[PDB]
Amino acid sequence: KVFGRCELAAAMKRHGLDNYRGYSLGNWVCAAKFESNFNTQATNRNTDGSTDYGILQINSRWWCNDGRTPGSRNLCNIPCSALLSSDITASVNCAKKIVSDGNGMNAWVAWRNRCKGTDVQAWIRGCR
Ligand SMILES: C[C@@H](O)CN1CCN(CC(=O)O)CCN(CC(=O)O)CCN(CC(=O)O)CC1
Ligand SMILES: C[C@@H](O)CN1CCN(CC(=O)O)CCN(CC(=O)O)CCN(CC(=O)O)CC1
Ligand SMILES: [Cl-]
Ligand SMILES: [Cl-]
Ligand SMILES: [Cl-]
Ligand SMILES: [Gd]
Ligand code: NA
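As recorded in the entry header, the structure was determined using X-ray crystallography to a resolution of 2.3000 Å.

As structure tokens, then:
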């Protein structure tokens, strides 16, 4: 699924993501745009052999199981494929654990380089 901007904001906000660990709703929509292009099916291979999955490109090294990342952890206790769903529940619960773990939204390289220190409220401007 390719989400529109307001549509993803109202989904994220209904799944509790808004001001989660003090990160405003504009920070999450910002990250999703630059991680996946709002596209739930997005995948990218990393050079160590793991893969990033879904709208927030969640890494198979620590967080989910795809059966091809040897001696890796599955801390969200899900298959990688679950994070490719049009229903963003799996991805959201999975991003709550990651952003809680000590490093915040710096886990998202696209968030750090393109949204941190900018006008993030611009990403929800106009939405009801
Ligand atoms: C709502 C309009 O913006 C729709 N839009 C009209 C064309 N725009 C003109 C403009 O953005 O004023 C120029 C191109 N546009 C640049 C950008 O938006 O950054 C990228 C494509 N956009 C993506 C999007 O906007 O979500 C869809 C088409
Ligand atoms: C031509 C305009 O599209 C210029 N545009 C600024 C104004 N946009 C317009 C809008 O989308 O209504 C609103 C703010 N915007 C939210 C979003 O667009 O998704 C984030 C910043 N954008 C990033 C991008 O375009 O990728 C910078 C370029
Ligand atoms: Cl915001
Ligand atoms: Cl594996
Ligand atoms: Cl923080
Ligand atoms: Gd824009
Ligand atoms: Na894994």
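Alright, that's what it looks like, and here's the rest.
Looking at the packing of aromatic side chains
Applying the stated rule across the entire model yields 4 aromatic pairs. Between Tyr 23 and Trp 28 the ring centres are 6.5 Å apart and the planes differ by 75 degrees, which places this aromatic pair in the edge-to-face class. Geometrically, the ring pair formed by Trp 28 and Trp 108 is edge-to-face, given 5.6 Å between the ring centres and 75 degrees between the ring planes. Here the residue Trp 28 occupies a position in helix 2 (residues 25-36), and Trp 108 occupies one in the loop between helix 3 (89-99) and helix 4 (109-114), the gap between them amounting to 80 residues.

Description of the UniProt feature "active site" in the protein
Following the UniProt record, one finds the feature "active site" at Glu 35 and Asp 52. Spanning 18 residues, the annotated positions come together in the fold, the maximum distance between their C-alpha atoms being 9.5 Å. Summarising the element assignment, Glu 35 is placed in helix 2. Judged by relative accessible area, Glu 35 falls into the buried class, the value being 18%. When neighbours within four sequence positions are excluded, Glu 35 is seen to be in contact with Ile 55, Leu 56, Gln 57, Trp 108, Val 109, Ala 110 and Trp 111. Discounting chain neighbours no more than four positions away, the residues touching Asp 52 are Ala 42, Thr 43, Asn 44, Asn 46, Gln 57, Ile 58 and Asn 59.

Let's talk about the coordination of the sodium ion (ligand 7)
On the protein side, the sodium ion (ligand 7) has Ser 60 (O), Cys 64 (O), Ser 72 (OG) and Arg 73 (O) as donor atoms, found 2.5 to 2.7 Å from it. Each donor residue of the sodium ion (ligand 7) lies on the same chain, and together they follow the pattern S-x3-C-x7-S-R.

Observations regarding the pattern of salt bridges
For side chains of opposite charge, pairing can occur when their charged atoms come near one another. A complete count under the given rule lists 4 salt bridges for this structure. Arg 61 is the partner of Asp 48 in a salt bridge, and the nearest nitrogen-oxygen pair spans 3.3 Å. Of the two residues, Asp 48 is situated in the loop between strand 1 (43-45) and strand 2 (51-53) and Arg 61 in the loop between strand 3 (58-59) and helix 3; the sequence distance between them amounts to 13 residues. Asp 119 is the salt-bridge partner of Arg 125, the closest N and O atoms lying 3.5 Å from each other.

Describing helix 2
Between its first and last C-alpha, helix 2 extends 17 Å over 12 residues, near the 16 Å set by a 1.5 Å rise per residue. Of all 12 residues that make up helix 2, 10 are buried, and the element is covered over most of its length. Along helix 2, the residues classified as buried are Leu 25, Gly 26, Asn 27, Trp 28, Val 29, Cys 30, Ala 31, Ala 32, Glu 35 and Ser 36. Considering only its buried residues, helix 2 is in contact with helix 1 (5-14), helix 3 and helix 4. Positive phi appears at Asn 37, one or two residues downstream of helix 2, with a value of about 70 degrees.

Focus: unusual backbone geometry
The phi torsion at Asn 19 lies on the positive side, around 65 degrees, for a residue other than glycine. Position of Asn 19 relative to the elements: it lies in the loop between helix 1 and helix 2. When its relative accessible area of 52% is taken as the criterion, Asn 19 is described as exposed.

Here we look at the sheet that holds strand 1
Read across the sheet, 3 strands follow the order 1-2-3 without closing on themselves; strand pairing throughout is antiparallel. The open sheet has two free edges, formed respectively by strand 1 and strand 3, since each of these has just one partner strand. Where strand 2 and strand 3 come together, 2 bridges link them in antiparallel fashion. Looking at strand 3, one finds that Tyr 53 is bridged to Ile 58.

The rules behind each value
- Residues numbered from 1 in each chain as written, not as in the entry; some residues may be left out.
- Chains lettered and ligands numbered in written order.
- Heavy atoms only, no water.
- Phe/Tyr/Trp six-rings, centres within 6.5 Å; stacked < 30°, edge-to-face > 60°.
- Helix = DSSP H or I, 4+ residues; strand = E, 2+ residues; numbered from the N terminus.
- UniProt positions renumbered as here; feature names shortened; annotations may be inferred.
- Buried < 20%, exposed > 50% of the residue type's maximum accessible area, 1.4 Å probe, protein only.
- Contact = heavy atoms within 4.5 Å.
- Donors = N, O, S within 2.8 Å, 3.2 Å for Na, K, Ca; no water.
- Salt bridge = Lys/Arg side-chain N within 4 Å of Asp/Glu carboxyl O.
- Expected span 1.5 Å × (residues − 1).
- Pairing = 2+ DSSP bridges.

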